[PDB]
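Colleague: Chains from the complex, first installment, not repositioned:
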Amino acid sequence: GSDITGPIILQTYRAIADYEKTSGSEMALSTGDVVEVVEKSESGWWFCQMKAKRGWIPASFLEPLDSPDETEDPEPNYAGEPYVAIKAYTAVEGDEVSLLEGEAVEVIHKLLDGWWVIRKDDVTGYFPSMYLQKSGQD
């Protein structure tokens, strides 16, 4: 059930909310359950395998069970980098932002919870990481 530390180098995480998929993919999450991440990305969607099956689960809803990594540790810099909206979406909440297909913006912080913080026309808010792409520097 629990051997000595060594050949065990997985990313264990613990959930804290009842998330039942969403679309024709992902995986079911029950508060208290642990997931052994197999693959991870920046889109905010994580790939983890459970005692049964694997899939995609929300990192935000997730909560490190003991993973020494404790998820990527970015730095919220007001400097940020310019990003261009690659998807059409309208703000549904005060925190979230509102952008169209091509409405550039200035990121203020990039997190693994998916919904990134984007300041469009001096309006920092929440907008999916994937919903926009990078387009700064040289």
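Modeller: Structure's in. What do you need? Numbers count the residues shown, from 1 in each chain, chains lettered A, B, ... in the order given.

Colleague: Can you list the buried residues in stretch A:40-55?
Modeller: A:40, A:44, A:45, A:46, A:47, A:48, A:50, A:55 (16 or more other Cβ atoms under 10 Å). Every C-beta, even on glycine, is put in place using the N, C-alpha and C of the backbone.

Colleague: Stretch A:131-138 now?
Modeller: Counting neighbours by 16+ other Cβ under 10 Å, stretch A:131-138 gives A:131, A:132 as buried.

Colleague: who's in contact with that stretch?
Modeller: Stretch A:131-138 has contacts (Cβ atoms under 8 Å, 6 or more residues apart in numbering) with A:81-87, A:89, A:99, A:104-105, A:116, A:118.

Colleague: also put chain B on there:
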Amino acid sequence: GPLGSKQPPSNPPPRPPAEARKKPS
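Modeller: Take a look at chain B, now in place beside the chains above:
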């Protein structure tokens, strides 16, 4: 049938839970 890598869902993950924010701990 390996065609590349594990593609991500077509819909972003739901916002974090209130219990998680109100209580970071």
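
Colleague: same question on the buried residues of stretch A:40-55, but with chain B included?
Modeller: Within stretch A:40-55, the residues that qualify as buried are A:40, A:41, A:42, A:43, A:44, A:45, A:46, A:47, A:48, A:50, A:54, A:55, counting by 16 or more other Cβ atoms under 10 Å in any protein chain shown.

Colleague: neighbouring contacts of that stretch?
Modeller: If you take Cβ atoms under 8 Å, 6 or more residues apart in numbering or on different chains as the criterion, stretch A:40-55 is touched by A:11, A:13, A:21, A:25-27, A:33, A:35-39, A:56-60, A:62, A:110-115, A:128-130, B:6, B:8-9, B:12-13.

Colleague: Please apply the same query to stretch A:85-92.
Modeller: By Cβ under 8 Å, 6+ apart, stretch A:85-92 touches A:97-105, A:120, A:125, A:127-128, A:130-133.
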